[PDB]
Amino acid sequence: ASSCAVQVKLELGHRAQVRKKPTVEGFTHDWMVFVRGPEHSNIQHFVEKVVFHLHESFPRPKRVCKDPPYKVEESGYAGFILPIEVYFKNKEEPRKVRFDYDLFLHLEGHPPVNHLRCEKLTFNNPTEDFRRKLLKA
């Protein structure tokens, strides 16, 4: 007869800059995409791994990060939808959360992309293990 509601704050984001010189393959942008916690918080306490599903046109498109930083750097020629799966150190439903991230690129002659997307997860009545893992962040 008592309730719990844990709330964690995640930050998804990405930067994208037009290359001074495009690569031999025609890639014209350097971009990086990241998942992190605010103000250098340590989300590893409850995040097992983070999976970046790149477009099929990329070699080894399913990138995995088991340790911080949860980022992917790459060079490319067009934007796309990047599914990001965040897996928690949870043994109960739900193990991970999915985010469809709009990784867009701006044209040359425009200021580079520095995009931020704040997300906020609320877990209700979790297990005590997951609870203390979540609350150590």
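Quick note: we count residues from 1 along the sequence shown, nothing fancier.
Enquirer: Please compare 128-136 with 4-12 and name the stretch with the higher mean C-alpha B-factor in the deposited structure.
Expert: Stretch with the greater average CA B-factor: 128-136.
Enquirer: Got a sec? Mean C-alpha B-factor, which is higher, 103-111 or 37-45?
Expert: So the stretch with the higher mean C-alpha B-factor is 37-45.
Enquirer: Specify which of 88, 80, 31, 52 carries the largest Cα B factor in the deposited PDB entry.
Expert: By C-alpha B-factor in the record, 88 ranks first.
Enquirer: If you rank every modelled residue in this chain by C-alpha B factor, which third holds residue 60: lowest, middle or highest?
Expert: Highest third, going by the recorded CA B-factors of the chain.
Enquirer: How does the C-alpha B factor of residue 92 compare with the rest of the chain: lowest, middle or highest third?
Expert: CA B-factor rank for residue 92: highest third.
Enquirer: Lowest, middle or highest third: which one holds residue 20 when the chain's residues are ordered by CA B-factor from the entry?
Expert: For residue 20, the deposited C-alpha B-factor lands in the middle third.
Enquirer: Consider only the C-alpha atoms of the modelled residues in this chain, order them by B-factor as the entry records it, and name the third containing residue 74: lowest, middle or highest.
Expert: Answer is middle: the recorded C-alpha B-factor places it there.
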